[PDB]
Amino acid sequence: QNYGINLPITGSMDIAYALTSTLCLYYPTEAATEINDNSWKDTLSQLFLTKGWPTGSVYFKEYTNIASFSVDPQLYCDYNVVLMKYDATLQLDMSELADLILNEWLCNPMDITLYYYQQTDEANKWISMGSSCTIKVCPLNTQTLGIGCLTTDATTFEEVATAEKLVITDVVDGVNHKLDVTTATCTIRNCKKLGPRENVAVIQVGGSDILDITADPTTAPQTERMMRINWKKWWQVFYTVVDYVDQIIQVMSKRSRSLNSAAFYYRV
Amino acid sequence: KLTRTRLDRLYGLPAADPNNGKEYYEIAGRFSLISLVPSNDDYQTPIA
């Protein structure tokens, strides 16, 4: 009722206390190709039914290749779980995918053909999503003079990523830069890292864990929303993540942006 | 073939009339020219 005016709230330590939550699971391909059945979905459905969860509440959206899944990951669902098939050769992309879809980025768009830019704080990054991004950046001193790159043309800058679909740069704060991409291929947005996102849980099925979400070198934390399990037959991975899906669900929480009370607080 | 001659089996275009009074031969064909140009791309200039 009284919204958007953050007023203190009185609780108490004096009184003890004595369904509509929707799991929304994703999954990769070679798993499926090895499953060798078209009813597995129905088996998962009936199992969840016996576990206390309604039928018709769980949906399976499939991603083909990890780099393909990197674009536009609008994971809109009451509770989200992402099982990623690990690679010993595709690592940084997994780390940044985790970073993106586990945090909340509020971003504004840019027009690099015209404007200079500059990052502001250790919580400001540049996300870049699309087909084939080839970032071109050229730092500047205080009165717009090229440093290690020539601004009188375009092809002498210092590239930071090639053959990438989704990459999130972090630049030295407090200095202006010239920028180029192919603005018919992919798009870059200047995002502020507002606060952790709690709707999603990412678990990895493969080699060793690599996950960190802070682009800070010093702080490489292990959150709870990042889990790891081994495998030699995907059947057991599915069965098991449903065996403990109770604990997984109790770990996550409702998205602090869609709660009918997060009104006028960034998305509601 | 040269009329009123004793030599047989003669070849080669003549210096007599290589054009037959007609016009120049015309040929349309492409040509590639790969060369090491001298060209200062952008440098050696005021940085201002």
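Every residue, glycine as well, gets a Cβ built from its backbone with ideal geometry; the counts of neighbours run over all protein chains shown. Values in this text are rule-based calculations from the coordinates and carry no lab data.
For this structure, a couple of remarks:
- Of all residues in segment A:34-55 being of a type in the set (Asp, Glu) and part of a helix (DSSP H, G or I), the one that is nearest to residue A:84 (Cα to Cα): A:34
- Tally, over segment A:5-33, of residues that are within 19 Å of residue A:254 (Cα to Cα), touching a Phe, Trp or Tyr at 6+ places or on another chain (Cβ under 7 Å) and part of a loop (DSSP other than H, G, I, E, B): 2
- Residues located in segment A:127-165, provided they are among the charged types (D, E, K, R) and either closer than 23 Å to residue A:65 by Cβ or buried (at least 18 other Cβ atoms within 10 Å of the Cβ) (or both): A:136, A:164, A:165
- Residue match in segment A:91-113 (condition: closer than 13 Å to residue A:191 by Cβ, away from chain B (no Cβ under 14 Å), of a type in the set (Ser, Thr, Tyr) and part of a loop (DSSP other than H, G, I, E, B)): no
- Residue B:11 hydroxyl-bearing (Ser, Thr, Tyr), more than 14 Å from chain A (Cβ to nearest Cβ), over 17 Å from the mean Cα position of the chain (by Cα) and more than 30 Å from residue A:151 (Cα to Cα): yes
- Considering residues of segment A:33-66 that are surrounded by 16 or more Cβ atoms within 10 Å (Cβ to Cβ) and in contact with a strand residue (DSSP E or B) (Cβ under 9 Å, 6 or more places away or on another chain) only, the residue farthest from residue A:90 (Cα to Cα): A:53
- Of the residues making up segment A:139-169, those that are at the interface with chain B (Cβ under 10 Å from one of its Cβ atoms) and out of contact with any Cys (no Cβ under 7 Å at 6 or more places or on another chain) are A:143, A:145, A:150, A:152, A:153, A:155.
- Taking segment B:24-35 as the range and being aliphatic (A, V, I, L, M) and either more than 26 Å from residue A:155 (Cα to Cα) or within 14 Å of chain A (Cβ to nearest Cβ) (or both) as the test, the residues that pass are B:27, B:28.
- Single residue of segment A:235-267 satisfying the filter (of a type in the set (D, E, K, R) and over 30 Å from residue A:36 (Cβ atoms)) that is surrounded by the most Cβ atoms within 10 Å (Cβ to Cβ): A:255
- Restricting B:46, B:38 to residues that are more than 14 Å from chain A (Cβ to nearest Cβ), part of a loop (DSSP other than H, G, I, E, B) and within 30 Å of residue A:146 (Cβ to Cβ) narrows the list to B:38.
- First in segment A:94-111 and over 18 Å from residue A:199 (Cβ atoms), second anywhere and hydroxyl-bearing (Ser, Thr, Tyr) and surrounded by fewer than 19 Cβ atoms within 10 Å (Cβ to Cβ), Cβ under 7 Å, 6 or more apart: A:110/A:117
- Here residue A:255 meets each of (1) under 13 Å from residue A:201 (Cβ atoms); (2) not in a loop (DSSP other than H, G, I, E, B) with one exception, condition (2).
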